[PDB]
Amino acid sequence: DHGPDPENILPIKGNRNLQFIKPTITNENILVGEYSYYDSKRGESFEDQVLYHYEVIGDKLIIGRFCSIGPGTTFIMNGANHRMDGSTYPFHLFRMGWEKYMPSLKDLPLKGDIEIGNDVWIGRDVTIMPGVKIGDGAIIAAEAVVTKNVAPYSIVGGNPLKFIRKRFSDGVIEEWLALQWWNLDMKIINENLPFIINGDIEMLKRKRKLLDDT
């Protein structure tokens, strides 16, 4: 039964900044898994960090489980991109006649969902651009601007984004990905926590094979 309640918005005692993200969600098209947290700068909500996010565009921000999201991380959804065929100036917003030129979505450089995997560590003041996919077990350095996709279990950073290194060998990465501990039962996760935490992936692999029954 060990562990915090993922429905608890403020699961750390005395801490008014660190929030479990899922039970704070109020808007639709934001799907965040359990235990993922946002460590706010000054109590702001995770949703306030989601920008240019309009229902009319229908783009989604999707985040998995057990993610660590640092203060000031911002998620720039698709409302940020201007029409780029002619002038970038948005005449229609000003109306008084120009409302005629309200653009159709097909004319916008739309990008699709922001998708973030599980067990992802996102540093302070990272900016995430529209359409970006970030793999399981990634680490994004502070102040990065995530301008392209991020491989699972990789470390990246900078503006624009440079790949830095792989966290483990490809064999070990493959095994973390076949393990998927974040999708296991909490009872199973607790049992395996010492090894999930110390990186004893060989042990985790044996416990997984043991349970196979296949």
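Note that residue numbering follows the sequence shown and begins at 1.
- Mean CA temperature factor is higher for 23 to 31 when stretches 142 to 150 and 23 to 31 are set side by side in the entry.
- When 133 to 141 is weighed against 75 to 83, 75 to 83 comes out higher, by mean CA B-factor as recorded in the entry.
- Sorting the modelled residues of the chain by their CA temperature factor places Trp182 in the middle third.
- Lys205 sits in the lowest third of its chain by CA B factor, as recorded in the PDB entry.
- When the modelled residues of the chain are ordered by C-alpha B-factor, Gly70 sits in the lowest third.
- Remark: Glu44 belongs to the middle third of its chain, ranked by C-alpha B-factor as recorded.
- In the deposited entry, the Cα temperature factor of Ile114 places it in the middle third of its chain's modelled residues.
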